[PDB]
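Enquirer: So the protein lines, in turn, are chains H, I and F.
Residues 76 to 84, 93 to 224 (the entry's author numbering) are what the first sequence spells out, left to right.
Residues 1 to 79, 93 to 224 (the entry's author numbering) are what the second sequence spells out, left to right.
Going by the entry's author numbering, the first residue of the third sequence is number 1, and it counts up by one from there.
For each residue, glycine too, the CB sits at the ideal point set by N, CA and C.
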Amino acid sequence: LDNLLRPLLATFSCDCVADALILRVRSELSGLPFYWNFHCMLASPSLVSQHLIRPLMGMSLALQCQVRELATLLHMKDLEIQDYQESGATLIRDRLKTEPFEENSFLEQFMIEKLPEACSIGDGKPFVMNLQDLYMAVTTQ
Amino acid sequence: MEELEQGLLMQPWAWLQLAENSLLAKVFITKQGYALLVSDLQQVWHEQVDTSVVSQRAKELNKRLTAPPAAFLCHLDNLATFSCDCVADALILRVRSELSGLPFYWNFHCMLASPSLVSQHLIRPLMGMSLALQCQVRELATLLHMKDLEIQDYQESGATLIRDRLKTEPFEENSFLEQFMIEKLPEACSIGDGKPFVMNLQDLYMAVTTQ
Amino acid sequence: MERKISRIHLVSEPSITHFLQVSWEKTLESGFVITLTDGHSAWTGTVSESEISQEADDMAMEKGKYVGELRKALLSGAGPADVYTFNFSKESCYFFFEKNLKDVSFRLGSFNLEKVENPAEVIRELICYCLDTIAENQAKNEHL
Numbered sequence: 076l077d078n079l080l081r082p083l084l093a094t095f096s097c098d099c100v101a102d103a104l105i106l107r108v109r110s111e112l113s114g115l116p117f118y119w120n121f122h123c124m125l126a127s128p129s130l131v132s133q134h135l136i137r138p139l140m141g142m143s144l145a146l147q148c149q150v151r152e153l154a155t156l157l158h159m160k161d162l163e164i165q166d167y168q169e170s171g172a173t174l175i176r177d178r179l180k181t182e183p184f185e186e187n188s189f190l191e192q193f194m195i196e197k198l199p200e201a202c203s204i205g206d207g208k209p210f211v212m213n214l215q216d217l218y219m220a221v222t223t224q
Numbered sequence: 001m002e003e004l005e006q007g008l009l010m011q012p013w014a015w016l017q018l019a020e021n022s023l024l025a026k027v028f029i030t031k032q033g034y035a036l037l038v039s040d041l042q043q044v045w046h047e048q049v050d051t052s053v054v055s056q057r058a059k060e061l062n063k064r065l066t067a068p069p070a071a072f073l074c075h076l077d078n079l093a094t095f096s097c098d099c100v101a102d103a104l105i106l107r108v109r110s111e112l113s114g115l116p117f118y119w120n121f122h123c124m125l126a127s128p129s130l131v132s133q134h135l136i137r138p139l140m141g142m143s144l145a146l147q148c149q150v151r152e153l154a155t156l157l158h159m160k161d162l163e164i165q166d167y168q169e170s171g172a173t174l175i176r177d178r179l180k181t182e183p184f185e186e187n188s189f190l191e192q193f194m195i196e197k198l199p200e201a202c203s204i205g206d207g208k209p210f211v212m213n214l215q216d217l218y219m220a221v222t223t224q
Numbered sequence: 001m002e003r004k005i006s007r008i009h010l011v012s013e014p015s016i017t018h019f020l021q022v023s024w025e026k027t028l029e030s031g032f033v034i035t036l037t038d039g040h041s042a043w044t045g046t047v048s049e050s051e052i053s054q055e056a057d058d059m060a061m062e063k064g065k066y067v068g069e070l071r072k073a074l075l076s077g078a079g080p081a082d083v084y085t086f087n088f089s090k091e092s093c094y095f096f097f098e099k100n101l102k103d104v105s106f107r108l109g110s111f112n113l114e115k116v117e118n119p120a121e122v123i124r125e126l127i128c129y130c131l132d133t134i135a136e137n138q139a140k141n142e143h144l
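(1) Please report how far the alpha carbon of F/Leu20 lies from the alpha carbon of I/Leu41, in whole angstroms.
(2) Which of the three DSSP states is assigned to H/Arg137 in this structure?
(3) Identify which residue in F/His18, F/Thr133, F/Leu28 has its Cα closest to the Cα of F/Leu36.
(4) Pull up the distance between the alpha-carbon of F/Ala73 and that of F/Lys99, whole angstroms please.
(5) Buried or exposed: which applies to H/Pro82, given that a residue is buried once 16 or more other Cβ atoms fall within 10 Å of its Cβ?
(6) If we call anything under 8 Å between Cβ atoms a contact, is H/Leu125 one with H/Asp161?
(7) Applying a beta-carbon distance threshold of less than 9 Å, which residues of chain F neighbour I/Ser39?
(8) Among the candidates F/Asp38, F/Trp24, F/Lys65, whose CA atom is the shortest distance from the CA of F/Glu13?
(9) Under 7 Å between beta-carbons, which chain F residues line up against I/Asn62? List them in chain order, please.
(10) Select from I/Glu3, I/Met10, I/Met1, I/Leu4 the residue whose C-alpha is nearest the C-alpha of I/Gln224.
(11) Evaluate I/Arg176 with the Cβ neighbour count: other Cβ atoms within 10 Å of its Cβ, from every protein chain shown; 16 or more gives buried, anything less gives exposed.
(12) Do the segment 3–12 of chain F and the segment 205–224 of chain I touch if we need at least three Cβ pairs shorter than 8 Å?
(13) Quick one: list the residues of chain I neighbouring F/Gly39, beta-carbon separation under 7 Å, in chain order.
(14) So what does H/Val100 bridge to, in DSSP terms?
(15) Can a CB atom of chain C be found closer than 8 Å to the CB of F/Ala81?
(16) Output the distance between the C-alpha atoms of I/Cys202 and I/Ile195, rounded to the nearest integer angstrom.
(17) Check whether the segment 138–149 of chain I touches the segment 128–135 of chain F, counting contact only when three or more Cβ pairs, one atom from each stretch, lie closer than 8 Å.
(18) Could you give the distance in angstroms between the alpha-carbon of F/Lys65 and the alpha-carbon of F/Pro80?
(19) Compute the Euclidean distance between the alpha carbons of I/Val150 and I/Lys208, then round it to the nearest angstrom.
(20) Anyone know if the C-beta pair for I/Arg109 and I/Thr94 falls short of 8 Å?
(21) What residue range is occupied by the uninterrupted beta strand (DSSP E) comprising I/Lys26?
(22) Please state the DSSP three-state secondary structure of F/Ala73.
(23) Cβ atoms of I/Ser96 and I/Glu20: under 8 Å apart, would you say?
(24) Tell me whether I/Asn62 sits in a helix, a strand or coil according to DSSP, three-state version.
(25) Nearest to I/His75 by alpha carbon, out of F/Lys102, F/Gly77, F/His9?
(26) Determine, using beta carbons only, whether F/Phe86 comes closer than 8 Å to chain I.
(27) Start and end of the beta strand (DSSP E) containing H/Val211?
(28) Taking I/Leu23 as the reference, give the member of I/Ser52, I/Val221, I/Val211, I/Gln165 with the closest Cα.
(29) What are the partner residues of F/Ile34, as DSSP defines its beta bridges?
(30) So what's I/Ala35 in DSSP terms, helix, strand or just coil?
(31) When DSSP labels each residue in this structure, what does I/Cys74 get in the three-state scheme?
(32) Return helix, strand or coil for F/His9, following the three-state DSSP convention.
(33) Determine, for I/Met140, whether the minimum Cβ-Cβ distance to residues of chain H falls below 8 Å.
Rendered as structure tokens:
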């Protein structure tokens, strides 16, 4: 079961009976057919808090701190290009001039233009690819 | 009442100072009734109420202190002393307020929220917020990389720095995570009492729910 | 014993000023006799110790603080913030009174009155006391 699931995280099927989820495995262990059913109840509010709500909230806070630290980083790069143009008495190839960063306008452009797809829950797919190394870290912490 | 639920999905979370702990609460009030979702960051609780329940429960809690339902609701919209018990899983939330120069009582009869509303009001929004915040990190990291291409053009031809304290190191995202994870993550991911959540994330909460 | 005459308006009757007379033994908290009149007719009734305890327990407040609200309503003790409102059928003789805030009137209590049989006479007594009482506080004032 471990060696079957590790690469994938054979065939599977998913059936609900009242509150309970059954996950069915058809595969082969040796050349012979292997069958399993997982029998899952609804997770308790403890588990959902510990595995989902709390870590997901702790990730959003830490990511908000990332955005803050990247905004102070951005402004510190804007003081630096200013110090070149304004007093460091020089120019560039022009094709690379960035706009001065302001997090108010960064957020308003982000939230009109990019939010519709960015917060897409979808298949949960992109959460497992983009966010897990943060998830493991937040949970440890 | 369907519009009360719809308002609720898109209301932000407030933070409540009990004597006993704190709570997080999102509420939507109209003249029609209210809907409320509460959490202590371990559990979640729900109530929805129309004006029929308002004038009955207020006449019980406040025997002779008459009003139309909508005037009580209007005062709760102002939002006092908070206490609670979990009795079974009624988080009964007991609220003492001042209105008309009279002490007032409301008790919220909050049952364990359904897993479906926990999904719609927390997990899905909170996930959607983490993905959106990560796209903001991604766009600040492209913006930081773009400002380095710009600043490297200066470093490539003439253009010395004057103020000997304006230097930026070249932005690199893996190492910015590495330092954050040791120096910043302990504090920043701490749930605490949920005041960090209500203080800085409610705009994104409101946006992601409306998306 | 103490009494206190107070001027009020019924919501039934905007332009008619009514007079409430309350009469009790120094603590209003110990219960009281109450009279209403409108210059044309009169009505009377009574309230008691355990009723006022129960009625403050009824609103979850400290007794004495609730007696405060009763002084202020019934005895003209209204602070600058306080507006009070009076309701009465003369037919049923059901009284009730209230305070106005929150864009509402809030009930503060209810009485069974009875229509009084000698209207002009309790009126006569009532206003003679008033002529006298003005005159007593006047004589103290002159000296000061």
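Expert: According to the data block:
(1) The residue labelled residue 20 of chain F in the question sits at position 20 within the third sequence. The residue labelled residue 41 of chain I in the question sits at position 41 within the second sequence. Approximately 56 Å between the Cα atoms of the pair.
(2) One-based indexing of the first sequence puts residue 137 of chain H at position 54. When DSSP states are grouped into helix, strand and coil, H/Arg137 belongs to the helix group.
(3) Within the third sequence, the letter at position 36 stands for residue 36 of chain F. Considering only F/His18, F/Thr133, F/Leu28, the residue with the shortest C-alpha distance to F/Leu36 is F/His18.
(4) Indexing the third sequence from 1 puts residue 73 of chain F at position 73. Indexing the third sequence from 1 puts residue 99 of chain F at position 99. If you take the alpha carbons of F/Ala73 and F/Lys99, they lie about 8 Å apart.
(5) In the first sequence, counting from the first residue as 1, residue 82 of chain H sits at position 7. Flag for H/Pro82 reads exposed.
(6) Working through the first sequence from its first residue, we reach residue 125 of chain H at position 42. Working through the first sequence from its first residue, we reach residue 161 of chain H at position 78. Cβ atoms of H/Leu125 and H/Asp161: not closer than 8 Å.
(7) Against the second sequence, residue 39 of chain I aligns to sequence position 39. Those within 9 Å of I/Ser39 in chain F number zero; the least Cβ separation is about 27 Å.
(8) Counted from its first residue, the third sequence places residue 13 of chain F at position 13. The option with the nearest alpha carbon to F/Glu13 is F/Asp38.
(9) The count along the second sequence starts at 1 and reaches residue 62 of chain I at position 62. Listed along chain F, the residues sitting closer than 7 Å to I/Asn62 by beta-carbon distance are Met59.
(10) Taking the first residue of the second sequence as 1, we reach residue 224 of chain I at position 211. Between I/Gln224 and the set I/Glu3, I/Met10, I/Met1, I/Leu4, the nearest pair of CA atoms involves I/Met10.
(11) By 1-based counting over the second sequence, the position of residue 176 of chain I is 163. It counts as exposed.
(12) Judged by Cβ distances under 8 Å, the segment 3–12 of chain F makes no contact with the segment 205–224 of chain I, as fewer than three pairs qualify.
(13) Working through the third sequence from its first residue, we reach residue 39 of chain F at position 39. Within chain I, no residue has its CB atom less than 7 Å from the CB of F/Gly39, the nearest being about 29 Å off.
(14) The residue given as residue 100 of chain H occupies position 17 in the first sequence. The partner list for H/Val100 (beta bridge, DSSP) reads H/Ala103.
(15) Note that chain C does not occur in the displayed structure, where the protein chains are H, I and F.
(16) Position 189 of the second sequence, counted from the start, is the residue given in the question as residue 202 of chain I. Position 182 of the second sequence, counted from the start, is the residue given in the question as residue 195 of chain I. Cα to Cα, the separation comes out at about 12 Å.
(17) Output reads no: the segment 128–135 of chain F does not touch the segment 138–149 of chain I.
(18) The residue labelled residue 65 of chain F in the question sits at position 65 within the third sequence. The residue labelled residue 80 of chain F in the question sits at position 80 within the third sequence. Each residue's CA atom was taken as its position, placing F/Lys65 and F/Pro80 some 17 Å apart.
(19) Walking along the second sequence from the start, residue 150 of chain I turns up at place 137. Walking along the second sequence from the start, residue 208 of chain I turns up at place 195. Going from the Cα of I/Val150 to the Cα of I/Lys208 covers about 23 Å.
(20) Mapped onto the second sequence, residue 109 of chain I falls at position 96. Mapped onto the second sequence, residue 94 of chain I falls at position 81. It is a contact, given that the beta carbons lie within the stated cut-off.
(21) The count along the second sequence starts at 1 and reaches residue 26 of chain I at position 26. Here the beta strand (DSSP E) through I/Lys26 covers 22–30.
(22) On the third sequence, residue 73 of chain F is found 73 positions in, with the first residue counted as 1. Looking at F/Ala73 - three-state DSSP - the assignment turns out to be helix.
(23) Start at 1 with the first residue of the second sequence, and residue 20 of chain I comes out as number 20. Start at 1 with the first residue of the second sequence, and residue 96 of chain I comes out as number 83. Inclusion of I/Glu20 and I/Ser96 in the CB contact set at 8 Å is warranted, their separation being smaller than that value.
(24) Looking up residue 62 of chain I in the second sequence gives position 62. Under the three-state reduction of DSSP, I/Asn62 is assigned to coil, being neither helix nor strand.
(25) Translated into the one-based positions of the second sequence, residue 75 of chain I becomes position 75. Minimum Cα distance to I/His75 is reached at F/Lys102.
(26) As a working mapping, residue 86 of chain F is identified with position 86 in the third sequence. Proximity of F/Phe86 to chain I, defined by a Cβ-Cβ separation below 8 Å, is not satisfied.
(27) Looking up residue 211 of chain H in the first sequence gives position 128. Taken as a continuous stretch (DSSP letters only), H/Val211 belongs to no beta strand (DSSP E), being part of the alpha helix (DSSP H) at 208–213.
(28) Translated into the one-based positions of the second sequence, residue 23 of chain I becomes position 23. The alpha carbon of I/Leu23 has as its nearest neighbour, out of I/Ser52, I/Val221, I/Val211, I/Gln165, the alpha carbon of I/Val211.
(29) Along the third sequence, read from residue 1 onward, the residue named residue 34 of chain F stands at position 34. In the DSSP secondary-structure assignment, F/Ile34 is bridged to F/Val22, F/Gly45.
(30) Position 35 of the second sequence holds residue 35 of chain I. In the structure shown, I/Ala35 adopts extended strand secondary structure according to DSSP, grouped into three states.
(31) Within the second sequence, residue 74 of chain I is the residue found at index 74, counting from 1. Shown here, I/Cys74 sits in a helix according to DSSP, grouped into three states.
(32) The residue you call residue 9 of chain F lines up with position 9 of the third sequence. Looking at F/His9 - three-state DSSP - the assignment turns out to be strand.
(33) Here residue 140 of chain I is taken as the residue at index 127 of the second sequence, counted from 1. Taking Cβ atoms only, chain H reaches closer than 8 Å to I/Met140, which makes this a yes.
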